[PDB]
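Some notes on the structure that comes next.
These numbers come from the heavy atoms of this one structure, side chains and all, not from hydrogens, waters or symmetry mates. In this chain, numbering begins with 1 at the start of the sequence shown.
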Amino acid sequence: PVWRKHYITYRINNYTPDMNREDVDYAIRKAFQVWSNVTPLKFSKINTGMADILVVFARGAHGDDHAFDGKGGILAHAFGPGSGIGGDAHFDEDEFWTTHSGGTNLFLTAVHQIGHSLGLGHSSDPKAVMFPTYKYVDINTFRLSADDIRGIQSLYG
Ligand SMILES: CC(=O)N[C@@H]1[C@@H](O)[C@H](O)[C@@H](CO)O[C@H]1NC(=S)NCCN([C@H](C(=O)O)C(C)C)S(=O)(=O)c1ccc(-c2ccccc2)cc1
Ligand SMILES: [Ca+2]
Ligand SMILES: [Ca+2]
Ligand SMILES: [Ca+2]
Ligand SMILES: [Zn+2]
Ligand SMILES: [Zn+2]
């Protein structure tokens with residue numbers, strides 16, 4: 001399953017205290033952009049009503065039967081295309097979220113999760129944003145690998 005529309009809405013449910021709000025907004029907006037730049041998908045932030053993709057920062061158990069696990073391990077997770085909890089992207093508030101390096105990078109994590117929120121699975125390329133392991137890469141030279149692009153275009157392009 002994939003989203004059956006190309007106008008897809010998202011909402012930040014709550015903000016991490018780790019970063020300035022302005023920076024959270026910008027990392028999340030840019031991570032949608034990465035995906036809208038190589039597909040016919042249009043992402044729109046809304047500030048009221050029910051969004052397709054709910055962006056949540058939470059720790060431990062948070063109401064969806066996938067409790068987080070403290071610092072380290074699981075950084076985040078996201079549900080595939082679907083109503084209700086589907087698409088929603090959650091970020092483990094026990095991580096330390098940063099604009100750049102020196103904790104866990106929100107932007108990079110967000111691009112990956114948004115990938116799952118759109119229906120992507122994982123990539124065997126360590127250059128892929130959908131690679132299953134987090135590592136800091138240079139955001140300045142960040143670009144989707146060809147594996148990411150073909151995956152997402154097989155879904156939406
Ligand atoms: C064969 C197998 O079962 N592998 C499964 C995949 O089938 C499946 O896509 C996924 C389902 O949970 O999990 C694979 N295995 C592992 S180890 N997944 C990583 C666990 N994280 C998940 C995730 O992938 O989003 C999340 C679903 C809990 S994670 O928290 O460790 C995580 C890992 C890497 C990143 C990341 C961040 C930035 C860039 C690249 C990756 C973010 C989160
Ligand atoms: Ca964790
Ligand atoms: Ca949803
Ligand atoms: Ca935190
Ligand atoms: Zn969750
Ligand atoms: Zn993943």
Side-chain angles (χ1 to χ4, degrees), residues 1-6 8-13 16 18 24 26-43 51-157:
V2 293
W3 295 96
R4 296 186 298 256
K5 66 184 173 196
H6 298 153
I8 291 163
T9 51
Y10 74 90
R11 186 172 183 191
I12 297 174
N13 183 66
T16 166
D18 302 350
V24 178
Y26 198 57
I28 301 300
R29 188 161 58 89
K30 294 292 299 316
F32 280 110
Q33 207 175 92
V34 173
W35 295 109
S36 51
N37 282 336
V38 299
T39 66
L41 299 181
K42 293 262 193 76
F43 300 113
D52 297 308
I53 295 171
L54 195 65
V55 169
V56 184
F57 295 88
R59 62 175 29 96
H62 50 278
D64 68 1
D65 296 309
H66 299 89
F68 285 123
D69 60 354
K71 212 161 174 290
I74 306 303
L75 311 167
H77 60 208
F79 292 81
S83 62
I85 215 185
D88 289 9
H90 305 161
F91 296 86
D92 174 359
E93 185 58 67
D94 286 340
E95 307 321 335
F96 176 62
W97 300 104
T98 59
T99 45
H100 301 289
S101 73
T104 299
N105 187 265
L106 175 62
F107 164 73
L108 290 166
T109 303
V111 175
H112 186 100
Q113 299 305 306
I114 290 175
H116 296 313
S117 292
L118 299 178
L120 293 170
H122 280 147
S123 176
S124 74
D125 183 352
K127 296 301 178 187
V129 81
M130 302 311 297
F131 202 59
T133 300
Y134 166 74
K135 50 168 187 301
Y136 194 66
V137 298
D138 199 328
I139 292 161
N140 181 246
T141 59
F142 184 72
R143 79 173 75 161
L144 298 165
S145 80
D147 201 87
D148 298 324
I149 284 178
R150 82 166 69 90
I152 191 61
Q153 292 181 357
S154 77
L155 291 190
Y156 294 95

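Relative ring orientation between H62 and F68 is described as parallel, the plane-to-plane angle staying below 30° on a 0-90° scale split at 30° and 60°.
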- Under the side chain to side chain contact (heavy atoms under 4.5 Å, CB included) criterion, do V34 and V129 qualify, and how do the steps go? CA-CA 10 Å; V34 173; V129 81; 5.9 Å; no
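Listed for the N105 side chain is a donor-acceptor partner under 3.5 Å among the backbone atoms of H100.
At least one side-chain heavy atom of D64 sits less than 4.5 Å from a side-chain heavy atom of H77. Taking 4.5 Å as the limit, every side-chain heavy atom of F43 sits out of range of all side-chain heavy atoms of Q33. Contact check for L106 versus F57: side-chain heavy atoms found under the 4.5 Å cut-off. Side-chain contact between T109 and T104 is present, with at least one heavy-atom pair separated by less than 4.5 Å. Between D52 and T9 the shortest side-chain heavy-atom distance falls below 4.5 Å. Side chains of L155 and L118 form no contact here, defined as non-hydrogen atoms less than 4.5 Å apart. By the 4.5 Å heavy-atom criterion applied to side chains, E93 and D18 are counted as neighbours. Between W35 and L120 there is a side-chain heavy-atom pair separated by less than 4.5 Å.
Legend: residues meeting side-chain contact (heavy atoms from CB on, under 4.5 Å) with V137, ordered by chain and number and at least two apart, are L108, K135, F142.
Residue-environment remark: NE2 (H6) exceeds the threshold of 12 foreign heavy atoms within 6.0 Å.
When all heavy atoms of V38 and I152 are compared, the pair lying nearest together is CG2-CG2, 4.0 Å.
For residues 143-157, the set of pairs meeting the side chain to side chain donor-acceptor pair (under 3.5 Å) definition, not counting sequence neighbours, comprises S123-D147, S145-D148, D147-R150. Within the structure, the ring pair (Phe, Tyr, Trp, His ring centres under 6.0 Å) test picks out the following pairs touching residues 115-135 (sequence neighbours left out): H112-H116, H112-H122, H116-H122.
For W97 and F91, the ring centers are positioned less than 6.0 Å apart.
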